[PDB]
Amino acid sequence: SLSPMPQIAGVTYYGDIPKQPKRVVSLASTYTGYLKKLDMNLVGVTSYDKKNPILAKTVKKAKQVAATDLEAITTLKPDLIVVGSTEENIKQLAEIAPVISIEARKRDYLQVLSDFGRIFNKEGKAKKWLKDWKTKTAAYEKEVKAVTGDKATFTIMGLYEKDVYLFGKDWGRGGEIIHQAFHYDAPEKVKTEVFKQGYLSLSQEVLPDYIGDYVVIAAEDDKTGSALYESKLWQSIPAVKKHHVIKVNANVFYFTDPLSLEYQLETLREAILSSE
C-alpha cells in the first residue's frame, strides 16, 4: 500500500512512499516533530532533535544520525527517509529507501502538518491539532496585545557562537508564533531586509536600528550572549532598558514543529504577559 503522494508545492518524492511507513529516518529537524505528532515511528533523528528538551522525550529510541552517516542510516533499515531539499546526497539516500524531500517556505508551518496528514492519511489528527492551535493562538493574541498594544513591534533574533542573526516570520526562533500566530508587526528594516530573506547576519553596531518595542532572543546557553548583554551598545537600546527582551532557549526555540511550538506558545505568552 502506497501513499497517495499528492502534488504539494515544495514536496519531492523519490521512490514509492509507503502509506504506513514503520521505520522512519528524519534527517531534517524542521520535520521530526510533525512526524512524531502524526504517530510515525522514528528510528533515526538529528543531533538537534536529541538536544530539544521537548522533542527528545518522544524519540529516545531513535539513533542520532547525520545525512552523511550513510552506513548507519542503511543499517537502520528505514522504509522512509525525510530530508530538507538542500541536502546534497539525496541520490544516495534514495538508494537506501523512499525519500520525501521538502523545500522550506513553499508551505507554511501549519500547512506542513496538513500536508503530511494527506501524505499519510492522518488528516483527522492534523485537522484537530490545527483547529485547537488556531483557536488558542487567536485568544492568546488578544491577551498579549492587551499588554503590549496592538501595534507593538517585535524582532526575532538569535545568538550562535560569536554571530548575531535576525529572523523573519518563518525561520524559527519564535517567529511563527510572534509574527504569524500573534500577528505582531516588526520594525521597518526587519520587514524589508529580513522577512523575505528568512534570516540576516548582522554586526553589533547596527542592532539598535532593527529593534523597536520588543525583542525575542534565542541562544543555546547563557555564555553565548554574555559579552553582548554587557556592552554599552546593547544597554543603550530602549527595548533593553524597558525590560522588553525575552530570552529563550534555542534548544527548543530553533524548531517549528507542533510539539516544540506547544511549549514555545505557553513560554512566549507568559513572557509577554509578565513584561507588564
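Numbers follow the displayed sequence, beginning with 1.
Higher average CA B factor: 217 to 225, of the stretches 217 to 225 and 24 to 32.
In this entry, the higher average B-factor at the C-alpha atoms falls on 14 to 22, of the pair 259 to 267 and 14 to 22. Of the candidates 111, 153, 92, 137, it is 92 whose Cα B-factor is highest according to the PDB record. Of all the options 141, 115, 170, 87, the entry's greatest CA B-factor is assigned to 87. Among the modelled residues of the chain, residue 187 sits in the lowest third by CA temperature factor in this PDB entry. Placement of the Cα temperature factor of residue 176 within the chain: lowest third of the modelled residues, per the deposited record. Residue 157: CA B factor in the middle third of modelled residues in this chain (values from the PDB entry). In the deposited entry, the Cα temperature factor of residue 107 sits in the bottom third of values across the chain's modelled residues. Annotation for residue 202: CA B-factor lies in the highest third of the chain's modelled residues.
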